[PDB]
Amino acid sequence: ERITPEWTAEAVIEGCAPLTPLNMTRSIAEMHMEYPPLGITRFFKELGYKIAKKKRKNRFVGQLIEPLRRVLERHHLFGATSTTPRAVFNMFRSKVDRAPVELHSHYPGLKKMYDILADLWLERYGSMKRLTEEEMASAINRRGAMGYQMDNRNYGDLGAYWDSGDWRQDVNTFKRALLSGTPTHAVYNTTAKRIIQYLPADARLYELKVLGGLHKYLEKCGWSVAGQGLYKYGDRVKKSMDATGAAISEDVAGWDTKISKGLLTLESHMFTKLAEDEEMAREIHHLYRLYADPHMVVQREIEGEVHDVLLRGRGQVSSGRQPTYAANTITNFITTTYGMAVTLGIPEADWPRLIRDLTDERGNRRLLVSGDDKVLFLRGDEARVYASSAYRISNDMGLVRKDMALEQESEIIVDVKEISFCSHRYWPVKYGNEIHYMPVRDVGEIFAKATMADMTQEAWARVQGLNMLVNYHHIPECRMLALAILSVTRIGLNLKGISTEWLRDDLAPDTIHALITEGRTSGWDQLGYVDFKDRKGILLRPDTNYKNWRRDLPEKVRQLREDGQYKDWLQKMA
C-alpha cells in the first residue's frame, strides 16, 4: 500500500557538527531513474525507479567434501540459488526498512566517552594519517564489484581497476566533488547474499584511504581483536574471564539497521578529532554527511516487471564499506561501556580511568569487541546488577537484543567454554603440556565458508586450506580437509593477492606453534586435538560416513590434481 513516511525529528547533539545532507542531485542523476516513485516503504523514501534486469562452490573444496554433503546438510548447518527481486525487496522491507531511534537522553554521556577515547588515543598514539597506497593495496578486496556508476569502464573487478592506476585520478575527482557539497558516485549499490550495500569502486577506495587508519588504533586496544587471528581469541576470552568471573554476551538484531544519525554524528565528531590536518577533518565530516543520508538502489518486481528502485534513508550503517568494521567496533565499545558505567553507578569523573583500564586490560571489568559482537566480563556481583537493568539503556537507543524479550534479564555466563564471541566458542586444547583455548563452531558452517566464494579459484581454495589448518587443526575433520586442500592445490600460486606469517606454500607446524605457544612446542605431534568424546553436536561424529570419506581422500586427491606441482600433506595425519 502507498505509504508516505514521516520521520521523527532529528537529535541535536551539543558540541558536535551536524551531519547536514549533501546536494545529491548530481549523484541521483547518475542512476538514470525513469518513473516516479511508487512509495511502498515505511521508512525509506522512494525517489523513483527504472526498469532493470534481474541481478558457485569452489570446485576444489566442494569436490573434496562432496561425500560428506549429506550428513553436513542433515546434522549440521551447511545449507546448500540466486534471490529473486521479489525476495530481495521483501527482505529489504523486513530488515532494513525500519526507522532508527534518533531521540533519547544518552548522547551527552556517549559524547563524553567518545571524547575520552579520542583524547587517550591522541595522547598515546598521535593523530591519524590517510592510508598510503601500499597500505591501501594490502586492504582491498580485489574481487569487489565496480558499481553501476563505474560499469561502463569495463574493469571487471576492483583488483583490475586497482592495477590499472586509473583510480588515482578518480579518487581525487571523488574528493573534490565531495568537498564541494555535490558529490559524484555517492549512491549505494546493493546485492543480496542479507543485503550488501556498497558505493562505486572509486568512492570505496577513497573511504579506505581517509578512514582506514582507524584499524591502527584498534590494534593497540585490549578490548579489540583487530589485526589478531582467530587462534588468539580463546586465550583472550580465558584471560578476561580469569580476572572477572562472569560474562554477558548479547547480540543486537540487525545492528547495522539500528545505528542512528545521532550515533553517526558522534562517530564523525570523534574521527575528525583524530584527523591529521584540517582538510582531513573536512573529508571525514563530508563522508559522514553522505553516510547519514544514504541513497541506495534496491531491486523489486511487480507484475513481472523488475525495478531498480532509488530509496533514501537516514542514519544506519552500510555493510560494504571497509572502515565500517572499525567504526562499528568503536561505537559498540562506547555504547556498551556507557550503558555499563551508568548501570553500575560508576561516577563520570572515573570514566577516563575506566576507559584506560579497559584499554590496558587492568581492573576487574573487561570487554572484547569485534564489529557488532561483544562480550562484557564482570565480577559476579556487578554482573547481576548489569543483567537486571542495563538493557533499559540499549533499548532506549533502539539497540534491541536478538532472540530475547525486550526486558528479559541478561544471561550470566560463568563457564568460559559457553561464551560465544565472533560466532565461536572456545575449548581448552593441549599443546605439549600447555593449554590453549581454540575455536569451535558447527563444522557445516566451517566447511560452507571454506567452499562458497580460474587460477584464482585454485589460489582461493589453497588459502582456505592454509587458514583452516592454522585455525581448526584441533578439529580432526578440519585438519584432514585442510591437508587434502593443500595436497590438491598447486605450489607457486599468488596467495597474497587473495594472514602473512602463515600464507606460504612451505607452511609447517613450527609456524603454527609460533603463533600459539610462541614456539615452546614443536612438530605435528604437539598440535592438539579435541577429545574424542566431544566429537559430536557441532562437530562431525566419527562414524563410517566419516571413515569412508577419509579412506577415499587419497584417491580423490589424485583425481582432482591436474598439471601443477603438488605435495602430499595427507600423510602428516592418519
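Numbering starts at 1 and follows the sequence shown.
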Could you tell me how many residues of the deposited sequence sit unmodelled between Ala326 and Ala327 (none, 1 to 3, 4 to 9, 10 or more)? none
Which class fits the unmodelled deposited stretch between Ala80 and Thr81: none, 1 to 3, 4 to 9, or 10 or more? 1 to 3
Of 36-44 and 502-510, which one has the bigger average CA B-factor? 502-510
Going by the B-factors listed in the PDB entry, is the mean over the C-alpha atoms higher for 303-311 or for 260-268? 303-311
Have a look at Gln316, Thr456, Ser388, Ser105 and flag the one whose Cα has the highest B-factor in the entry. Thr456
Residue set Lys193, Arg490, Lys402, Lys273, per-entry CA B-factor max assigned to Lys193
Split into thirds by Cα B-factor across the chain's modelled residues, where does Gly519 land: lowest, middle or highest? middle
CA B-factor ranking of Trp167, expressed as a third of its chain: highest
For the chain shown, is the CA B-factor of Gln526 in the lowest, middle or highest third of its modelled residues? middle
Classify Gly564 as lowest, middle or highest third according to the C-alpha B-factor given in the PDB entry, relative to its own chain. lowest
Split the chain's modelled residues into thirds by Cα B-factor; is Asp372 in the lowest, middle or highest one? lowest
